[PDB]
Amino acid sequence: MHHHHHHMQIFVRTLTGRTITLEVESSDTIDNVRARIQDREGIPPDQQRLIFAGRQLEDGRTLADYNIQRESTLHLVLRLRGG
Amino acid sequence: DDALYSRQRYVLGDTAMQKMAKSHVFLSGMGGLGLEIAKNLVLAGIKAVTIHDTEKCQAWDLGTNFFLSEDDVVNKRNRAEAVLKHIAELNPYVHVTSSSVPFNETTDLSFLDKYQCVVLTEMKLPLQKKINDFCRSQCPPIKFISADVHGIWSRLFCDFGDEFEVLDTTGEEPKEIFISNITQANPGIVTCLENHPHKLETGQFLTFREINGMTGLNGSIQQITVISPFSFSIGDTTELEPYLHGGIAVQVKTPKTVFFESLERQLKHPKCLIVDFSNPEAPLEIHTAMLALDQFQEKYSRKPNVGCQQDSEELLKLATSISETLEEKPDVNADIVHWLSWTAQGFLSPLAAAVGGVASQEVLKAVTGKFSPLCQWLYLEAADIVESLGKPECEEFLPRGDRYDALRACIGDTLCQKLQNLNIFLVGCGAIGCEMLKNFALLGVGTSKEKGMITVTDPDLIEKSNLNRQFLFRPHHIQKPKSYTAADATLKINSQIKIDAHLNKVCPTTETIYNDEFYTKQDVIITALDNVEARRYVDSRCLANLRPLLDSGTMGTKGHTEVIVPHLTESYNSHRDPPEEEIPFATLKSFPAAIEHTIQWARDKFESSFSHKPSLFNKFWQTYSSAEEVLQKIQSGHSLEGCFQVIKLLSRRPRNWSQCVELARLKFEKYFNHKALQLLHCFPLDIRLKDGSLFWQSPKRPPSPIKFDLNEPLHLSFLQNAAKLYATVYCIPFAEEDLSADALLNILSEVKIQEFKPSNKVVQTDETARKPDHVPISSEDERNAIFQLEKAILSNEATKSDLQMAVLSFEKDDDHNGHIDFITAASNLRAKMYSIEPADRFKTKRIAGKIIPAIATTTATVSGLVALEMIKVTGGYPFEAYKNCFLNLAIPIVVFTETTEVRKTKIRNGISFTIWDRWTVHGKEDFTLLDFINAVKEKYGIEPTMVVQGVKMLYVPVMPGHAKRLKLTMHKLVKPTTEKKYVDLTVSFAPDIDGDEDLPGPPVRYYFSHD
Ligand SMILES: O=P(O)(O)O[C@H]1[C@H](OP(=O)(O)O)[C@@H](OP(=O)(O)O)[C@H](OP(=O)(O)O)[C@@H](OP(=O)(O)O)[C@H]1OP(=O)(O)O
Ligand SMILES: *O=P([O])([O])O[C][C]1O[C](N2[C]=NC3=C2N=[C]N=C3[N])[C]([O])[C]1[O]
């Protein structure tokens, strides 16, 4: 049977000491989370790499598919170009 | 300070560098890890390092020490004294001293108060605690760092004393926010500009400036509370004047205090940096196991022996007892304990490389107060290298008397020999590339007599400012190739290494050299590049040839590693990096708001004046020969591209040094006076729009004209460098006495300044303008060009010497050419015109030159991590063993993570494919297109609906008459000659829902015969 809706607050941290607090639903897709981050940061979805609990989050899946819960922390990471 | 320190000055800042020029570091233990640390600190420019060691050289040490030679071993030299001269050479500004005095629990530690930081490796734990207690209780505390690698495990510890001041906690520059409205309330609510979230967090402090109306907030400090992405509350503004417009808010960075506990206390209640959040409990489990090893060494005066069941049972028993004394009562991890007992006597050089990078950055934090230090433990480990081995027998790990004993005791002889047999392709040979070659040498890569080869390529010669992060290059190597020099140095580290050094860049124009057969011969490709384009290109080549690729990169304290493995992962190009920042055309040309806008404008003006326009001038007269011919073609109605701009340059050509100064003076008047007056003519300071708002609303800033004054050093600097650059372009000789402020004032003394005359030229205000394309030539302009062309022909001012100009090339690293001085003066004059804060020469150079901050500490760290992943590639490890890493040592923060899972693209009927799939059909001489269609369906499950060869449409059933092609042979259909063996085809299939676009499949390689 259909479940009760489970709203949650999650944190997206950069590797520069910043924290983005997001109001999400557990049924949100990872695609939708990238869209919300674009609204907050101006970063296009195809530049966002999101890490949760040592795994890279991919499109087509939901927060619940990745067992992301209340107060979970995600990391927004980037590749650097120097060498 | 120096051009040797340029790239890293942008990481640390002048204040931190100066403290490093006054710091004395004491480093004890000169095994592999102490050497890595000493190499990093000396490269980073610590003023004085003492390297201490009490041990003699030993054959085993050749496996982990990249400066030791076999002659050192036969003479049994002290380990610190043997490497002293090699370390000193890393930069002659550093004082490197050796010490070999005994160092035990009866040693008077008073001699240590000469040092600001103490770094201890390979030291017994009881003595570490005694030194730690001494250090932390000095009147100013001596900062204390302890670091060790045992087999595949490591332990890093910092104790900077009870209260340590961090002056900059993040390494990030304060952001600026434009204000849109402020309410009169308690608390007052600030709203920032539309479409620009402030990106601030509750609790941060801001200062304010340029607010119009609400007097009392300018010059104040406010602590904010975030309300929405666009608004935050400040203090009480109820009593203040109403807000009108404008205003800029700037983050204030507050120093923070960090508290450290003693080593003794931290052993019982450890604070650990969590580097893999899939296993947040692992660092405490490692802490336990590694404390058990210290207790084993104390109890038995030796490390456990590999394969000795009693030793590992005892280590487990010690680990179990320690776990009971910890607060959480954490279960003992029997796998960690087993592999620690197994490998304790070995030493993993790439792990020491990575730990040594992190530990060296911690030393820099200890003597500078720049960046927040580790607090207090880091447990980098290489367990993913051995888990796939299962539980092997110990025969494969026993020493054999060669330099690889240290490594073999970590990973086993089978994997060592696979490393020795590797063919690897190292693309780029700068900072990362030099660290990689040294890491390859310690691992034995490509040393097998039979197989094995390191191919390294780089198009560049060695320059000054490279000796900072590239430890294989010396000043006497200037003008020598990077790849040749690094290859020769690596052979000194390991004489068995087989290296093939090239002078090429890897790009489309060298694809005939590095062709598919070349990649097919490699086992792994490793990039050491400084740009995104090269990375995406190399990635496309590895993907096309089913070869793994290990990429890495740094920027300052930031770094990454990425693992790309055929059939297991996505490739580099599955993700997009941040593009170069695009300053909008209108912002750059008419409405700057930041110093970055005026610097880019000055860089572009240099390019326009001294490179682009001279070369257009040259190519024009080369194409059209002489001035008489152009004059005849203009009067006969012809139009030549760029002709009117060329004639303008021809007519205004300066003839002597005096006219070069006059031209430079004229450009000052145009750029920094007339431009301001023209914008104010189009948009008066008080002009308003239809919505009643001011046109000069944030981020727009009104210009104000500048009056030329040779007594202003900024004005003199512009005039000097503009005049000497124009003299260079127009081939006018000049002496350095012609540059004096006295000589210049005389040349301009009787030179009239043309009064400003406005125009009704249209200036674009759209933030999405992007150039006005090309304005059509007017009838007046053509008439003026003919007048100037005749005037030049009549006065013999169109000879061969007049039809050419010298083209300059922007060179940021030569201070005598005036390029940077021109850019800095022009940028700061434009900034002053717009009331923007100017920037000094070093900041202007960084931004104009696109210089990427770099420091050897990060570079050594990511290179060590890449070498660990390369061991996994060599062994054909499963997907879960691999790790990408994303890190920033400023925080510090290290995020290991599984790499990108390969994605499946669905064709139809459950048939999917990945980026790695390639399909094959083997035909014969009479094999028809119908045979090809049936062969794909039988072998792969679905019938093609389209067959394409590049752009040739071989079979498209919806095109009229293509059914006749089914009966044609594949020979007559394709017509092959270049590749006699096969042809690569693009095959598509019928979609699930009729009428949609056909679905593409894997590339299909068709072989014409059976060979
Ligand atoms: O070629 P650019 O680097 O884009 O500079 C041009 C150039 O200025 P300078 O050549 O003196 O550096 C034009 O002058 P001409 O050489 O064509 O005579 C000038 O045109 P005006 O003098 O008629 O104003 C124009 O300015 P604008 O487009 O505002 O009319 C200005 O453009 P920028 O300095 O903005 O690049
Ligand atoms: O980061 P460093 O500047 O110390 O070294 C970068 C290194 O990479 C080389 N490089 C850039 N682009 C390349 C390339 N090598 C091979 N192919 C391509 N496309 C550059 O010369 C630097 O020395």
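Protein chains in written order, with the authors' numbering: chain B, -6 to 76; chain A, 40 to 1050.
Think of the CB as a built atom: it goes at the ideal place given N, C-alpha and C, for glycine as much as any other residue.
Distance CB(residue i)-CB(residue j) smaller than 8 Å
i                     : j                 : result
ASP21 of chain B      : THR55 of chain B  : yes
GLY227 of chain A     : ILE273 of chain A : yes
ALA383 of chain A     : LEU437 of chain A : no
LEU753 of chain A     : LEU783 of chain A : no
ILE622 of chain A     : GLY75 of chain B  : no
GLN415 of chain A     : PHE299 of chain A : yes
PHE1028 of chain A    : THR984 of chain A : yes
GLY210 of chain A     : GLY467 of chain A : no
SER902 of chain A     : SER591 of chain A : yes
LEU419 of chain A     : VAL571 of chain A : no
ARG442 of chain A     : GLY70 of chain A  : no
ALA42 of chain A      : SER504 of chain A : yes
residue 12 of chain A : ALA865 of chain A : For residue 12 of chain A there is no data in the structure shown, the boundaries of chain A being 40 and 1050.
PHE849 of chain A     : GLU646 of chain A : yes
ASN927 of chain A     : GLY857 of chain A : no
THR136 of chain A     : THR93 of chain A  : no
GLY255 of chain A     : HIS284 of chain A : no
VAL345 of chain A     : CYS433 of chain A : yes
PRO281 of chain A     : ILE634 of chain A : no
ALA186 of chain A     : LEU330 of chain A : no
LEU74 of chain A      : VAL122 of chain A : yes
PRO343 of chain A     : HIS326 of chain A : no
Residues of its chain near residue i, where Cβ-Cβ distance is below 6 Å and the 5 sequence neighbours each way are ignored
i                  : result
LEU1005 of chain A : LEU968, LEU969
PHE464 of chain A  : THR494, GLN561, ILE564
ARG248 of chain A  : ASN257, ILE287
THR7 of chain B    : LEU69
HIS713 of chain A  : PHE795
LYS746 of chain A  : none
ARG48 of chain B   : none
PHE881 of chain A  : none
Distance between beta carbons of residue j and residue i, contact taken as under 8 Å
i                 : j                 : result
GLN336 of chain A : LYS163 of chain A : 7 Å
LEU413 of chain A : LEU195 of chain A : 7 Å
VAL157 of chain A : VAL81 of chain A  : Incorrect: roughly 17 Å between the Cβ atoms, too far for contact.
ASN143 of chain A : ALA895 of chain A : Going by Cβ atoms, the distance from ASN143 of chain A to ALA895 of chain A rounds to 33 Å, so no, they are not a contact pair.
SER301 of chain A : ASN171 of chain A : 6 Å
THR804 of chain A : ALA625 of chain A : 6 Å
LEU907 of chain A : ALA321 of chain A : Actually they are not in contact, since the Cβ atoms of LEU907 of chain A and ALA321 of chain A sit about 16 Å apart, beyond 8 Å.
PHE203 of chain A : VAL64 of chain A  : Their Cβ separation, rounded to whole angstroms, is 16 Å, which puts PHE203 of chain A and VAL64 of chain A out of contact at 8 Å.
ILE875 of chain A : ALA398 of chain A : Not confirmed; about 41 Å, so no contact.
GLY469 of chain A : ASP569 of chain A : 7 Å
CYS924 of chain A : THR600 of chain A : 5 Å
Cβ neighbours of residue i in the same chain (closer than 8 Å, five flanking residues each side left out)
i                       : result
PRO1030 of chain A      : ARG947, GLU1036, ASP1037, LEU1038
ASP578 of chain A       : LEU588, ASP590, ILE603, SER610, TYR611, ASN612
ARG1044 of chain A      : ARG957, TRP958, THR959, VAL960, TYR1021, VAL1022, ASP1023, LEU1024
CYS546 of chain A       : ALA573, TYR576
residue 1054 of chain A : In the structure displayed, chain A extends from 40 to 1050; residue 1054 of chain A sits before or after that span and is not available.
Cβ-based neighbour list, residue i, same chain, cut-off 7 Å, excluding 5 preceding and 5 following
i                 : result
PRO738 of chain A : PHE217, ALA632
Distance cut-off 7 Å: residue i Cβ against heavy atoms of ligand 4
i                 : result
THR496 of chain A : This structure lacks ligand 4; its bound ligands are ligand 1 and ligand 2.
Q) Could you give the uninterrupted runs of the beta strand (DSSP E) lying entirely in the region 472 to 513 of chain A, keeping only those of 3 residues or more? A) 492 to 496
Q. Which full runs of the alpha helix (DSSP H) of 4+ residues lie inside the region 693 to 724 of chain A, going along the chain?
A. 696 to 708, 714 to 721
Q.
As an exercise, report each continuous alpha helix (DSSP H) stretch of at least 4 residues that is fully enclosed by the region 251 to 339 of chain A, in chain order.
A. 302 to 307, 321 to 339
Q) Of all the beta strand (DSSP E) runs that stay within the bounds of the region 156 to 209 of chain A, which reach a length of 3 or more residues? A) 156 to 159, 182 to 189, 192 to 198, 202 to 205
Q | 4-residue-minimum alpha helix (DSSP H) runs that sit fully inside the region 987 to 1028 of chain A, ordered along the chain | A | 1009 to 1013
Q: Jot down the residue ranges of each uninterrupted beta strand (DSSP E) in the region 871 to 928 of chain A, minimum 3 residues, whole runs only, in chain order.
A: 923 to 927
Q: Under 5 Å from any heavy atom of ligand 1, by CB: list those residues in chain order, please.
A: A:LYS628, A:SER647
(Q) Going residue by residue through the region 551 to 624 of chain A, where are the continuous alpha helix (DSSP H) segments of at least 4 residues, counting only ones entirely within it? (A) 555 to 560, 571 to 583
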